[PDB]
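Visitor: Here it is, the structure in full.
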Amino acid sequence: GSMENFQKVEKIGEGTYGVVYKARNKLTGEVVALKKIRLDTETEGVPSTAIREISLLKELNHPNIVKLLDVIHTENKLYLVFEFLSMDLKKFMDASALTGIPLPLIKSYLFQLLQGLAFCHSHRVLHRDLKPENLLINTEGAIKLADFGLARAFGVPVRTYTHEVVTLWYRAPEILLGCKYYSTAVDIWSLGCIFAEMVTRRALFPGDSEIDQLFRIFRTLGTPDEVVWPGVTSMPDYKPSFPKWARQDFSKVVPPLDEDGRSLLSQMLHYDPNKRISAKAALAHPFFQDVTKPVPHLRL
Amino acid sequence: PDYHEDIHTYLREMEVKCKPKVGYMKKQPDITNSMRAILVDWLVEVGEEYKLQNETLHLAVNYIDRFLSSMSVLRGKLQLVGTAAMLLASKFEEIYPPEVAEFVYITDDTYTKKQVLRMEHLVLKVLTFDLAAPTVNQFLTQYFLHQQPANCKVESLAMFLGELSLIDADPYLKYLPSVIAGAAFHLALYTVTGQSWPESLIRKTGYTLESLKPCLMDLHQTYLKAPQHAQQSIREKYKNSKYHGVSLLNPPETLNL
Ligand SMILES: O=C1N=C(NCc2cccs2)S/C1=C/c1ccc2ncccc2c1
Ligand SMILES: [Mg+2]
């Protein structure tokens, strides 16, 4: 339905592309989110990020993936209409700064995120920008993967894809070291970083550049060699000058976490893309044995 | 090999949904299979001039075939549809797609930048923004994993044959991409090594030599008659050492099946 039936309420923020607004349907009363894309400014027609997001979001149909209601298609601008949830996770972590997010809610969220990602991967979709900002929570304890602008439909087996991929902090070692191929594992890496972030209340690897990002990973998980990552020393962006650091204790890296939690996390952050746990296999992990669905608290 | 199984299942489910109307060309008042063959052949050239992935080309044809399943198009506008579909295919699949200006340039000034952009909108509207279609190429690369062992000649020939299927709506429009890929893979495998459709691919796909036969009969014919065909861009393309010069190989006299 036309833009005439929508009243814009507030500008929420900038996506990987476009601009997100809270809006209200004037006829039904329904609150939606709108993603506005201007086809002016860059006379290249509909951008690829929009093309990829729309087509992939229309296929994907899962309780832990944001629901796309409609696509409104002017010759001036392009609007995507989404279900309105409450808040992105980044904003939720800001609102819960003083108290932190309770461990049962962290468990619940990671579980739902793994379910969404598994569904994504089983449908040949890489997200490639998993981070707190791109995840949406509602008022009843659900979380959903959003912003598929940097997503890609992949082939079996994969070709070389875009190398820019993933916000630095959440970027996997295989991308950083400039491997020919990368795959589903890079999404897993990002979730691991998010998981730790929710627990420690700060980002796990807050690097400033590519090289600083690598060194922060190396310091925490130990510098990779042939035994841990077969063929790491031959990779394009590996250097002989790298500091040979030792892996530090994981109960020191993530203190509030139980033995089950440390086990999962260390598997989500395994150096070898092949040995890194899948989203499917991570759902089986004992860590999620007693998972509940708590509501989020946001006002204290 | 953890998602490989359920991805194959999903793609096998999707190829039925992104399937074009079987006899859409009969309902088209002004265009024929011949014109389509010229169009696709020209798209092959574009892909060569701009070094585009095979996947992009296979997607463009799907987009065109689905567009023509619901919209009547006059002959003088068929090249515009192909251009917009190649542009959409590039934005979807390519790391560095060519810019719109480059797509205008290859039409020899027959269409304006404005026209190509408006057509892009129309294709999207008609295809209802569903562009992640299964292709022959996608099923082929999956089948290549079952080579015992990996053979570069067979890979290139299977791609060449799968590609030839795009040119001729009659008959190949009636076969699913997974069937064509199967027939192509077997035909390439028999031609180079003498080996046949592997045991592991019977378990994976549920396709036997008998179930593949119809498509495999047509594809053998297209292969044998390839130097005759009015369209030659694919044959010229696969002359190159990038594809091991597989188009120059002699096809077998019979399949013996
Ligand atoms: O929230 C969304 N975020 C997107 N990418 C980055 C951003 C996060 C926050 C602002 S921009 S796309 C997107 C769509 C969307 C859908 C539903 C929503 N419900 C509530 C609040 C924001 C929403 C945003
Ligand atoms: Mg006709």
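Residues are referred to by chain and number: the chain letter is A, B, ... according to the order shown in the structure tokens, the number counts from 1 in that chain, and ligands are numbered separately from 1 in the order shown.
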Could you list, as a PyMOL selection string, every residue of chain A that has an atom within 6 Å of an atom of chain B, counting only C-alpha atoms?
Guide: chain A and resi 44-45+48+55+122-123+156+162
Visitor: How would you write, as a VMD selection string, the set of residues no farther than 6 Å from ligand 1 when counting only C-alpha atoms and all ligand atoms?
Guide: chain A and resid 12 to 16 20 33 82 to 88 133 to 134 146 to 147
Visitor: When the cut-off is 9 Å and you count only C-alpha atoms and all ligand atoms, which residues lie near ligand 2, shown as a PyMOL selection string?
Guide: chain B and resi 24-33
Visitor: Can you spit out the residues from that selection as a JSON list (two decimals), in the first residue's frame, using C-alpha atoms?
Guide:
[["chain", "number", "residue", "atom", "x", "y", "z"],
["B", 24, "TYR", "CA", 5.13, -19.27, -22.64],
["B", 25, "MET", "CA", 6.60, -18.67, -26.11],
["B", 26, "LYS", "CA", 3.43, -19.98, -27.80],
["B", 27, "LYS", "CA", 1.47, -17.27, -26.00],
["B", 28, "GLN", "CA", 3.95, -14.57, -27.12],
["B", 29, "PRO", "CA", 2.47, -12.77, -30.17],
["B", 30, "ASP", "CA", 5.63, -11.10, -31.52],
["B", 31, "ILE", "CA", 8.65, -13.17, -30.38],
["B", 32, "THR", "CA", 9.95, -16.70, -31.06],
["B", 33, "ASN", "CA", 12.52, -19.20, -29.76]]
Visitor: Can you tell me, as a VMD selection string, which residues in range 107-274 of chain A count as helix (DSSP H, G or I) by DSSP?
Guide: chain A and resid 107 to 121 132 to 134 168 to 170 173 to 176 185 to 200 210 to 221 232 to 234 250 to 253 259 to 268
Visitor: Which residues are near residue 250 in chain B? Cut-off 10 Å, only C-alpha atoms, ignore same chain within fewer than 3 positions. Put them as a list in words.
Guide: residues 191, 192, 223, 224, 246, 247 and 253 of chain B
Visitor: Can you list, as a list in words, every protein, DNA or RNA residue that comes within 9 Å of residue 255 in chain A when you count only C-alpha atoms, leaving out same-chain residues fewer than 3 positions away?
Guide: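 My list of contacting residues is residues 199, 200, 250, 251, 252 and 258 of chain A.
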